[PDB]
$ cat work-v2.tsv   # TSV, C-alpha atoms and all ligand atoms
chain	number	residue	atom	x	y	z
D	1	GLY	CA	0.00	0.00	0.00
D	2	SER	CA	0.99	3.56	-0.66
D	3	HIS	CA	-0.52	6.92	0.09
D	4	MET	CA	-0.81	7.28	-3.79
D	5	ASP	CA	-3.61	4.66	-3.51
D	6	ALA	CA	-6.40	7.39	-2.86
D	7	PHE	CA	-5.95	8.41	-6.42
D	8	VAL	CA	-6.12	5.01	-8.09
D	9	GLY	CA	-9.28	4.14	-10.00
D	10	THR	CA	-11.57	5.38	-12.71
D	11	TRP	CA	-12.84	8.98	-12.42
D	12	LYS	CA	-15.43	10.96	-14.49
D	13	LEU	CA	-15.53	14.71	-14.97
D	14	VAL	CA	-18.50	16.33	-13.19
D	15	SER	CA	-17.69	20.04	-13.32
D	16	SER	CA	-15.36	22.52	-14.93
D	17	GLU	CA	-14.75	26.21	-14.22
D	18	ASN	CA	-12.59	28.68	-16.18
D	19	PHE	CA	-11.16	26.00	-18.46
D	20	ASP	CA	-11.59	28.07	-21.64
D	21	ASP	CA	-9.66	30.93	-20.08
D	22	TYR	CA	-6.92	28.52	-18.86
D	23	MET	CA	-6.63	27.13	-22.34
D	24	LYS	CA	-6.37	30.62	-23.82
D	25	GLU	CA	-3.51	31.40	-21.41
D	26	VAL	CA	-1.72	28.22	-22.43
D	27	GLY	CA	-2.02	29.21	-26.11
D	28	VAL	CA	-4.69	26.80	-27.36
D	29	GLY	CA	-6.42	27.94	-30.54
D	30	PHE	CA	-10.15	28.56	-30.94
D	31	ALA	CA	-11.24	25.30	-32.61
D	32	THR	CA	-9.27	23.06	-30.21
D	33	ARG	CA	-10.59	25.06	-27.25
D	34	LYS	CA	-14.22	24.58	-28.33
D	35	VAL	CA	-13.94	20.84	-28.91
D	36	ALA	CA	-11.71	20.22	-25.88
D	37	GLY	CA	-14.04	22.23	-23.70
D	38	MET	CA	-16.86	19.99	-24.71
D	39	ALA	CA	-14.96	16.83	-23.74
D	40	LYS	CA	-16.14	14.83	-20.73
D	41	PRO	CA	-13.05	12.80	-19.97
D	42	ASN	CA	-12.62	9.75	-17.82
D	43	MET	CA	-9.35	9.73	-15.95
D	44	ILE	CA	-7.89	6.28	-15.13
D	45	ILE	CA	-5.07	6.28	-12.55
D	46	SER	CA	-3.06	3.14	-11.79
D	47	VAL	CA	0.15	2.26	-9.99
D	48	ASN	CA	2.49	-0.64	-10.67
D	49	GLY	CA	5.57	-0.57	-8.47
D	50	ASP	CA	7.13	2.88	-8.79
D	51	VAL	CA	5.35	3.65	-12.07
D	52	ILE	CA	2.17	5.74	-12.05
D	53	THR	CA	-0.02	5.81	-15.18
D	54	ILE	CA	-2.68	8.46	-15.89
D	55	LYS	CA	-4.92	7.93	-18.91
D	56	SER	CA	-7.53	10.49	-20.09
D	57	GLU	CA	-10.15	9.11	-22.43
D	58	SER	CA	-12.69	11.21	-24.28
D	59	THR	CA	-14.30	11.67	-27.66
D	60	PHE	CA	-11.65	14.27	-28.54
D	61	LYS	CA	-8.38	12.59	-27.59
D	62	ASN	CA	-7.14	9.55	-25.65
D	63	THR	CA	-3.88	10.37	-23.94
D	64	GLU	CA	-1.71	8.42	-21.48
D	65	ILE	CA	1.32	9.29	-19.41
D	66	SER	CA	3.51	6.95	-17.30
D	67	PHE	CA	6.12	8.32	-14.91
D	68	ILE	CA	8.07	7.93	-11.71
D	69	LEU	CA	7.67	10.63	-9.07
D	70	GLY	CA	10.47	13.24	-9.30
D	71	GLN	CA	11.78	12.01	-12.64
D	72	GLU	CA	11.37	14.34	-15.63
D	73	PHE	CA	9.80	13.12	-18.82
D	74	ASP	CA	8.90	14.43	-22.24
D	75	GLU	CA	5.17	14.73	-22.82
D	76	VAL	CA	2.95	15.64	-25.83
D	77	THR	CA	-0.16	17.30	-24.44
D	78	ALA	CA	-3.70	16.98	-25.73
D	79	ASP	CA	-3.28	20.39	-27.48
D	80	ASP	CA	0.00	19.14	-29.10
D	81	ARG	CA	2.53	21.03	-27.02
D	82	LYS	CA	5.85	19.25	-26.57
D	83	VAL	CA	6.66	19.81	-22.91
D	84	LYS	CA	9.12	18.74	-20.22
D	85	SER	CA	7.11	17.43	-17.25
D	86	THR	CA	7.90	16.50	-13.69
D	87	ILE	CA	5.30	15.06	-11.27
D	88	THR	CA	5.89	14.93	-7.52
D	89	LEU	CA	3.79	14.25	-4.41
D	90	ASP	CA	3.81	17.24	-2.07
D	91	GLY	CA	1.89	16.86	1.15
D	92	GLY	CA	-0.63	14.46	-0.38
D	93	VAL	CA	-1.11	16.49	-3.65
D	94	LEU	CA	0.15	15.30	-7.02
D	95	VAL	CA	1.92	18.36	-8.54
D	96	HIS	CA	2.54	18.25	-12.32
D	97	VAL	CA	4.73	20.98	-13.80
D	98	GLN	CA	5.01	21.38	-17.57
D	99	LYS	CA	7.78	23.52	-19.12
D	100	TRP	CA	7.96	24.64	-22.76
D	101	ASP	CA	9.17	27.64	-24.73
D	102	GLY	CA	10.19	29.49	-21.55
D	103	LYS	CA	6.65	29.05	-20.12
D	104	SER	CA	5.31	26.93	-17.23
D	105	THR	CA	1.97	25.61	-16.12
D	106	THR	CA	1.14	23.59	-13.01
D	107	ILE	CA	-1.64	21.02	-12.61
D	108	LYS	CA	-2.44	19.87	-9.03
D	109	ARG	CA	-4.53	16.77	-8.31
D	110	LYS	CA	-5.92	16.21	-4.81
D	111	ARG	CA	-8.52	14.22	-3.04
D	112	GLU	CA	-11.24	16.26	-1.34
D	113	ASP	CA	-14.12	14.28	0.16
D	114	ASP	CA	-15.26	11.85	-2.56
D	115	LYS	CA	-13.85	14.07	-5.33
D	116	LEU	CA	-10.62	14.27	-7.18
D	117	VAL	CA	-10.04	17.98	-7.73
D	118	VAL	CA	-7.76	19.16	-10.56
D	119	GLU	CA	-6.47	22.73	-10.35
D	120	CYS	CA	-4.70	24.08	-13.42
D	121	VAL	CA	-2.75	27.33	-13.25
D	122	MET	CA	-1.15	29.39	-16.09
D	123	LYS	CA	0.16	32.82	-14.98
D	124	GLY	CA	-2.79	34.45	-13.20
D	125	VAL	CA	-5.45	32.02	-14.39
D	126	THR	CA	-6.79	28.99	-12.48
D	127	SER	CA	-9.22	26.39	-13.76
D	128	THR	CA	-10.81	23.87	-11.45
D	129	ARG	CA	-12.04	20.54	-12.78
D	130	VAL	CA	-13.87	18.13	-10.44
D	131	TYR	CA	-14.00	14.37	-10.95
D	132	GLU	CA	-15.98	11.69	-9.09
D	133	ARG	CA	-15.59	7.90	-9.09
D	134	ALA	CA	-17.08	6.26	-12.16
T	1	LIG	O1	-9.01	17.70	-16.41
T	1	LIG	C1	-7.84	17.50	-16.83
T	1	LIG	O2	-7.28	16.36	-16.71
T	1	LIG	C2	-6.96	18.52	-17.43
T	1	LIG	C3	-6.95	18.82	-18.77
T	1	LIG	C4	-7.87	18.18	-19.73
T	1	LIG	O3	-8.79	17.41	-19.42
T	1	LIG	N1	-7.56	18.50	-21.04
T	1	LIG	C5	-8.13	18.06	-22.24
T	1	LIG	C6	-8.88	16.93	-22.21
T	1	LIG	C7	-9.36	16.57	-23.42
T	1	LIG	BR1	-10.38	15.04	-23.66
T	1	LIG	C8	-9.15	17.18	-24.57
T	1	LIG	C9	-8.41	18.28	-24.63
T	1	LIG	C10	-7.89	18.71	-23.44
T	1	LIG	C11	-7.07	19.88	-23.62
T	1	LIG	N2	-6.35	20.51	-22.69
T	1	LIG	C12	-5.72	21.53	-23.33
T	1	LIG	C13	-4.79	22.51	-22.70
T	1	LIG	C14	-5.22	23.03	-21.37
T	1	LIG	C15	-4.16	21.98	-21.48
T	1	LIG	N3	-6.02	21.50	-24.62
T	1	LIG	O4	-6.88	20.46	-24.85
T	1	LIG	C16	-5.91	19.79	-19.10
T	1	LIG	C17	-5.46	20.35	-17.70
T	1	LIG	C18	-5.92	19.21	-16.71
T	2	BR	BR	-9.33	13.36	-22.67
$ encode --input "work-v2.tsv" --output "structure tokens"
Amino acid sequence: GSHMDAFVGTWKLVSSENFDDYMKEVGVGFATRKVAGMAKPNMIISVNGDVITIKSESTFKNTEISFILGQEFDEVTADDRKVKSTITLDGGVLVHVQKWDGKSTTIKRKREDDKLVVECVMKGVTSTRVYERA
């Protein structure tokens, strides 16, 4: 068992706030924003040894990352950015930092009651996306 266990499972998006504005700040173009904003992803989180896998499945894109905490990796995001990512666990929160083109965005995942809350921040702009167990 690991503390990381509270995240494992299959999660469905139930609410989103400010995601269009977050996407604008990240640089996502109009058409991608509209279709991505409409997505209702399921997030599947699993752990095998030291390797964590996060899959996001939707009608728009299916994406998957695997990683070890603290160990940088190259990632292609859903909006086709090529970023350098590092994911760590900080006080019970999964903190995902993406770096590209001299920019940075941070995505925090945390358990709050029966929800998995995803907070995405790009400069001044925060989007909050709430998932519940499928
Ligand atoms: O809730 C989540 O896990 C999060 C995201 C999410 O669900 N993103 C998408 C999901 C689908 Br489906 C399709 C497209 C996107 C998409 N994101 C973006 C830019 C903002 C990053 N551009 O497109 C992104 C931040 C955390
Ligand atoms: Br998705």
$ residues_near_ligand --input "work-v2.tsv" --ligand "ligand BR 2 (chain T)" --cutoff "10 Å" --atoms "all atoms listed in the file" --output "number ranges by chain"
D: 13, 36, 39-43, 55-64, 78
$ atom_distance --input "work-v2.tsv" --atom1 "CA of residue 17 in chain D" --atom2 "atom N3 of ligand LIG 1 (chain T)"
14.4 Å
$ closest_residue --input "work-v2.tsv" --among "D:129, D:123, D:82, D:110" --to "ligand LIG 1 (chain T)" --atoms "all atoms listed in the file"
D:129
$ residues_around --input "work-v2.tsv" --residues "residue 7 in chain D" --least-positions-apart "3" --cutoff "9 Å" --atoms "only C-alpha atoms" --output "PyMOL selection string"
chain D and resi 3-4+10+45-46+109-111+116
$ axis_aligned_box --input "work-v2.tsv" --around "ligand LIG 1 (chain T)" --padding-each-side "8 Å" --output "lines of an AutoDock Vina configuration file"
center_x = -7.3
center_y = 19.0
center_z = -20.6
size_x = 22.2
size_y = 24.0
size_z = 24.4
$ atom_distance --input "work-v2.tsv" --atom1 "CA of residue 8 in chain D" --atom2 "CA of residue 134 in chain D"
11.8 Å
$ build_atoms --input "work-v2.tsv" --residues "range 45-63 of chain D" --atoms "N, CA, C and O atoms" --output "compact mmCIF listing (two decimals), in the coordinates of the input"
# COMPACT_ATOMS: atom_id res chain seq x y z
N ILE D 45 -6.35 6.18 -13.26
CA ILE D 45 -5.07 6.28 -12.55
C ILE D 45 -4.75 4.90 -11.99
O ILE D 45 -5.57 4.28 -11.31
N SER D 46 -3.54 4.42 -12.30
CA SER D 46 -3.06 3.14 -11.79
C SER D 46 -1.62 3.25 -11.38
O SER D 46 -0.90 4.16 -11.78
N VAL D 47 -1.20 2.30 -10.52
CA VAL D 47 0.15 2.26 -9.99
C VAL D 47 0.63 0.83 -10.10
O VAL D 47 -0.11 -0.14 -9.79
N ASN D 48 1.84 0.66 -10.62
CA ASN D 48 2.49 -0.64 -10.67
C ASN D 48 3.92 -0.42 -10.23
O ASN D 48 4.72 0.19 -10.95
N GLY D 49 4.27 -0.86 -9.03
CA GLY D 49 5.57 -0.57 -8.47
C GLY D 49 5.74 0.93 -8.28
O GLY D 49 4.93 1.59 -7.68
N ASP D 50 6.82 1.45 -8.84
CA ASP D 50 7.13 2.88 -8.79
C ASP D 50 6.50 3.68 -9.93
O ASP D 50 6.61 4.91 -9.95
N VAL D 51 5.86 2.99 -10.87
CA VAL D 51 5.35 3.65 -12.07
C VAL D 51 3.85 3.97 -11.91
O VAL D 51 3.04 3.06 -11.69
N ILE D 52 3.56 5.26 -12.06
CA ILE D 52 2.17 5.74 -12.05
C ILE D 52 1.77 5.97 -13.51
O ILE D 52 2.53 6.54 -14.31
N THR D 53 0.57 5.53 -13.86
CA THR D 53 -0.02 5.81 -15.18
C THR D 53 -1.31 6.59 -15.00
O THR D 53 -2.18 6.24 -14.19
N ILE D 54 -1.47 7.65 -15.81
CA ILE D 54 -2.68 8.46 -15.89
C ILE D 54 -3.14 8.48 -17.33
O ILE D 54 -2.44 8.97 -18.19
N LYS D 55 -4.29 7.90 -17.60
CA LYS D 55 -4.92 7.93 -18.91
C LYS D 55 -6.15 8.84 -18.86
O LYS D 55 -6.90 8.83 -17.90
N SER D 56 -6.35 9.61 -19.92
CA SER D 56 -7.53 10.49 -20.09
C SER D 56 -8.18 10.04 -21.36
O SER D 56 -7.55 10.06 -22.41
N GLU D 57 -9.42 9.59 -21.28
CA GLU D 57 -10.15 9.11 -22.43
C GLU D 57 -11.37 9.95 -22.68
O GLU D 57 -12.13 10.23 -21.77
N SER D 58 -11.54 10.40 -23.93
CA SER D 58 -12.69 11.21 -24.28
C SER D 58 -12.97 11.02 -25.77
O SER D 58 -12.23 10.33 -26.50
N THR D 59 -14.00 11.66 -26.24
CA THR D 59 -14.30 11.67 -27.66
C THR D 59 -13.29 12.47 -28.47
O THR D 59 -13.25 12.28 -29.68
N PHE D 60 -12.57 13.38 -27.84
CA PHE D 60 -11.65 14.27 -28.54
C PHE D 60 -10.29 13.60 -28.71
O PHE D 60 -9.81 13.50 -29.84
N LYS D 61 -9.70 13.15 -27.62
CA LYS D 61 -8.38 12.59 -27.59
C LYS D 61 -8.35 11.55 -26.47
O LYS D 61 -9.02 11.72 -25.44
N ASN D 62 -7.59 10.48 -26.71
CA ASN D 62 -7.14 9.55 -25.65
C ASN D 62 -5.64 9.77 -25.48
O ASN D 62 -4.87 9.69 -26.43
N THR D 63 -5.25 10.10 -24.28
CA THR D 63 -3.88 10.37 -23.94
C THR D 63 -3.47 9.52 -22.73
O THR D 63 -4.28 9.17 -21.91
